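Below is one structure, written out as structure tokens; comments come after it.
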Amino acid sequence: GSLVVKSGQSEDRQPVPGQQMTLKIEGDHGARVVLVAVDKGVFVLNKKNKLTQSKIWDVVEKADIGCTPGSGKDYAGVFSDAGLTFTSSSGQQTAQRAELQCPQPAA
Amino acid sequence: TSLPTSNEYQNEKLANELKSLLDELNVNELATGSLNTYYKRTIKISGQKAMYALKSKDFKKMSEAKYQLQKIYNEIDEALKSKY
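Chains X and B are the protein sequences, given in the same order. Each position in the first sequence, counted from 1, maps to that position plus 2 in our numbering. Each position in the second sequence, counted from 1, maps to that position plus 326 in our numbering.
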């Protein structure tokens, strides 16, 4: 969807310790948003193990059942190499898959 | 007696306007008792600046303190409307 967080004050400069400030939040309707503010000084000691949207997709992609950029050796390979199984009443079926992870990256 | 002169008017008007705010200073200062520390910190500082400027009768300091003291007042007025 989309989630943006900008300054409510559509004007002015830098605030002063103790001063209030409007905080605009542009997100999807019906969505719940959890917030958190941290002093940048903390990240100077440690910036690892954070939470990023990019790190999320990186995990989703790793859990993909497809193990080939495309195509295959044969018709039964195209489906399997794309994360699918074909089976017909004529006999044409795909290669039996019985292993969770993708092929061990054999360079 | 007739009338004032060049620096005789503007310098007196600013003094009166600055005094009007200083009168209700204790009013606003005591109004921050329920508000945050920010308002209590800003008004106790902007308070002296208005007093010292008044006795000095310096056009610059009086004006400099007039808006200094006027701003904090308005910030307090708005700080109360969120509380009813």
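For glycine and all other residues, C-beta sits at the position ideal for the given N, C-alpha and C.
Query: Assumed close pair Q396 of chain B, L347 of chain B - CB separation to whole angstroms, cut-off 8 Å; Result: 6 Å
Query: Three-state secondary structure assigned by DSSP to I398 of chain B; Result: helix
Query: Neighbourhood of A100 of chain X by C-beta, 6 Å cutoff - its chain only, sequence neighbours within 5 removed; Result: none
Query: Assigned secondary structure, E28 of chain X (DSSP; H/G/I helix, E/B strand, else coil); Result: strand
Query: Alpha-carbon to alpha-carbon, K50 of chain X and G3 of chain X; Result: 26 Å
Query: 7 Å CB neighbourhood of residue 141 of chain X in its chain, flanking five on each side removed; Result: Residue 141 of chain X cannot be examined here, being either before or after the span of chain X that is shown, 3 to 109.
Query: Contacts of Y399 of chain B in chain X (Cβ-Cβ under 7 Å); Result: The premise fails here: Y399 of chain B is roughly 15 Å from chain X at the closest Cβ pair, so nothing lies under 7 Å.
Query: Close beta carbons around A78 of chain X, own chain, < 8 Å, minus the five adjacent residues each side; Result: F88, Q94, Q95, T96 and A97
Query: Three-state class that DSSP yields for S346 of chain B in the structure shown; Result: helix
Query: Beta-carbon contacts of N333 of chain B that lie in its chain and below 8 Å, excluding the five residues immediately before and after; Result: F385
Query: Proximity to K381 of chain B [Cα-Cα], best of B:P330, B:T331 and B:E338; Result: B:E338
Query: Unbroken alpha helix (DSSP H) run spanning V44 of chain X, endpoints; Result: Neither: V44 of chain X is in no alpha helix (DSSP H) and is coded neither H nor E.
Query: Contact set between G20 of chain X and chain B, taken where Cβ atoms lie within less than 9 Å; Result: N362, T363, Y364, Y365, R367 and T368
Query: Touch test, the region 15-26 of chain X against the region 350-368 of chain B, Cβ-Cβ under 8 Å, three pairs minimum; Result: yes
Query: Contact check, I369 of chain B vs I402 of chain B, beta carbons under 9 Å; Result: yes
Query: Cβ distance (whole Å) where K392 of chain B is taken to contact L344 of chain B below 8 Å; Result: 5 Å
Query: Residue of B:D349, B:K409, B:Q374 and B:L356 minimising C-alpha distance to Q394 of chain B; Result: B:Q374
Query: Buried versus exposed, by CB contacts within 10 Å (16 or more), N354 of chain B; Result: buried
Query: Sequence-distant residues of its chain with Cβ nearer than 8 Å to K387 of chain B (five each side left out); Result: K375, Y378 and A379
Query: Whole-angstrom distance between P107 of chain X and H31 of chain X, CA atom to CA atom; Result: 43 Å
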